[PDB]
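Encoded as structure tokens, the following chain is the form deposited in one PDB entry, with no partner shown.
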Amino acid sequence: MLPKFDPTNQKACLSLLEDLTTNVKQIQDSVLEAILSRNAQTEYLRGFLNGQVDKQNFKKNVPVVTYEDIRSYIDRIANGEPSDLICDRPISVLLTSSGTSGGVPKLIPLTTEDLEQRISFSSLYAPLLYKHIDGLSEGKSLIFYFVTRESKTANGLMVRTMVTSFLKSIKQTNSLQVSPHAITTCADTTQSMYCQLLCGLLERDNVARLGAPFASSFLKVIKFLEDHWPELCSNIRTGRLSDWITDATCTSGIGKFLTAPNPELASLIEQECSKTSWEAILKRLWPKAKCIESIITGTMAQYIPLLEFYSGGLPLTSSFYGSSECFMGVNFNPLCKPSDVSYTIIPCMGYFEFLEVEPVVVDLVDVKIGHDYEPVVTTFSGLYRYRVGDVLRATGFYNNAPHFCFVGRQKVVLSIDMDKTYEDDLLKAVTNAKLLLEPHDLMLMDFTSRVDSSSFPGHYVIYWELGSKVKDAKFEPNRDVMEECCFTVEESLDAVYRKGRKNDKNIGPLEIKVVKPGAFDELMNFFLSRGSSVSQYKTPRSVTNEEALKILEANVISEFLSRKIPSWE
């Protein structure tokens, strides 16, 4: 647990963060003893430990598990069995996660104490942000987030996202500009995005930070602005909400900010939105914002160049490393280069072990710099030695606390037969290849992929949506550069792929298909119409569903094949 502290006392908060990252071994051992002692009579723990609370019996007798191994406990609680199947405290909500098992979202128990500890630690960490980001304390955080539905279990437990649970709790015991639909559901995402942007624009002079779950989340906001800014501004000029907004939360709530006709504010926003280039639009619309906070690591690293284009120099920050299962780390250097983000594990948030990636698990303090690990977390909400499914690389120490860079999920995205191409390798390959377009004033906006086993020999298909700065005439890549892009992806894949191409002969030439602009919004709307969470949506890096494939296939303009065979010993 975390000690009592004054969140208004910035020096006391920073001094506590130093303590927390210095006494790492002692805090970890304290956390473990507390979890094992308090949960000793749960059905889950007693079956393995029979009352022991010492670390060595823990390591010997408690198995390392995945969500698949423990799902039955969660389902039984969802059906009405008591929280003490897994936890000595009541389960207050189930969290719907991104990442599945299988093929639905994981449902993760959360206790009220765990939730308040996470909120507590967030207020412990904000003074560091304020110390690093001048002016951040001077205004509000405009957070682009909304929820379109929620549910409850058979026994009546609420099912929510972690963000909603986080916001709802700090709201119930208090600086944030958050949409009326971050907590209260609205099925119409058009109404919810409209009201949230209207509020954000009305409050633009009070906004010190922009936030969203992911880097790509901002592109959906910007796309909506491109289509609807004149109507938004018209509402600001007249002080009158457009009458097609029927959602009761927006219509009853909007009067708080839409207080009177404001022609001058409307004209200011129109002046920015009517410019040809939307470069720096985010800073121009929110000129007092001090940073843009979202996940920019892993798959989201792909959107950094485009988000920086819209950012006008606002630093892109990624402050937090966490999951439904556990809040895990923070960035002690929030203004670092987005490519240099590392997260320091916070020892009081759980007991953290690490599985070497390449059966061998080490304690947090025994991690090896430069080696890859999957976190194995033991928590205060009924998870014990639970595999989180991320791969982190240990990069150093903040005081005595290891810090890690996010490598990726552990996920095969493409496989013709014995080739198993992982998401992190495909991402690095596409990163290498898309660089070749920079001399031609072209940018890769998004991509996905599929295995084409139709014919003779199977091969990878990568779908590329391209854009540029010229809105005046057609843009198009020459075939020579596209063909070298194909090769550069291939040369970046692993030895099994490359041996397949050069030696084995069972893998054919990689293919890049350029899709028309808007292809990846059509793809997204396809998944949304089938129940995907809007706020948790990420472009999947490969697609198998036949209706999504048919969507990508009829957006295809040009196709290109690698003309060179990749190298391999």
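Numbering starts at 1 and runs along the sequence shown. If you superpose the two forms and keep the largest set of C-alpha atoms that fall within 1.5 Å, you have the rigid core.
What comes next is about the form deposited with a small molecule bound, which is not displayed.
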{"property": "In the deposited complex, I86 touching the small molecule (heavy atom, 4.5 Å)", "result": "no"}
{"property": "Non-hydrogen atom contact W278 with the small molecule in the deposited complex at 4.5 angstroms", "result": "no"}
{"property": "Contact of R204 with the small molecule in the deposited complex (heavy atom, 4.5 Å)", "result": "no"}
{"property": "Heavy atom of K538 within 4.5 Å of the small molecule in the deposited complex", "result": "yes"}
{"property": "Option from 315-323, 394-402, 257-265, 227-235 whose residues, in the deposited complex, bring a heavy atom within 4.5 Å of the small molecule", "result": "315-323"}
{"property": "Selected contact from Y343, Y386, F354, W464, since only one has a non-hydrogen atom within 4.5 angstroms of the small molecule in the deposited complex", "result": "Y343"}
{"property": "The small molecule: the contacting residue among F380, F406, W286, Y194 in the deposited complex [heavy atom, 4.5 Å]", "result": "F406"}
{"property": "Large Cα shift (2 Å or above) at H181 between this form and the one not shown, core-fitted", "result": "yes"}
{"property": "Threshold 2 Å Cα movement between this form and the one not shown for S529, core superposed", "result": "yes"}
{"property": "Core-aligned CA displacement of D114 at least 2 Å between this form and the one not shown", "result": "no"}
{"property": "Outcome for the Cα pair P180, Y130 in the deposited complex, compared with this form (closer or farther; change of 3 Å or more)", "result": "closer"}
{"property": "Outcome for the Cα pair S319, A182 in the deposited complex, compared with this form (closer or farther; change of 3 Å or more)", "result": "farther"}
